[PDB]
């Protein structure tokens, strides 16, 4: 059930909503957001399913949604750090 959600991450949803609403209207903006919601709510439930990226940064997992990627780690509960465009992705070194 519970997760924490970084302010930046929340700024990310805000910006995501802005672009979507602008490119496609509120209906579509709202649809895409529920998808981010579902991705996130599922990370909360099944934290271990996200693919780790330990060479990117210690403790980190990513879980994609649409055109975006949810970056999170787990401390005493699941922490949603950033929601970023897949265009940000890069191969991390071992």
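Residue numbers count along the first chain shown, from 1.
Taking the mean of the C-alpha B-factors per stretch from the entry, tell me the winner out of 13-21 and 71-79.
-> Stretch with the greater average CA B-factor: 71-79.
Where the record places residue 55 (Cα B-factor, split into thirds across the chain) | Highest third of the chain for residue 55's C-alpha B-factor.
Can you work out whether the C-alpha temperature factor of residue 26 puts it in the lowest, middle or highest third of the chain?
-> For residue 26, the deposited C-alpha B-factor lands in the middle third.
What third of its chain's C-alpha B-factors does residue 8 belong to: lowest, middle or highest?
-> Lowest third - that is where residue 8 ends up once the chain's C-alpha B-factors are sorted.
Relative to the other modelled residues of the same chain, rank the CA B-factor of residue 88 and answer lowest, middle or highest third.
-> For residue 88, the deposited C-alpha B-factor lands in the lowest third.
Relative to the other modelled residues in the chain, which third contains the C-alpha temperature factor of residue 64: lowest, middle or highest?
-> For residue 64, whose C-alpha B-factor we compare with every modelled residue in the chain, the answer is the lowest third.
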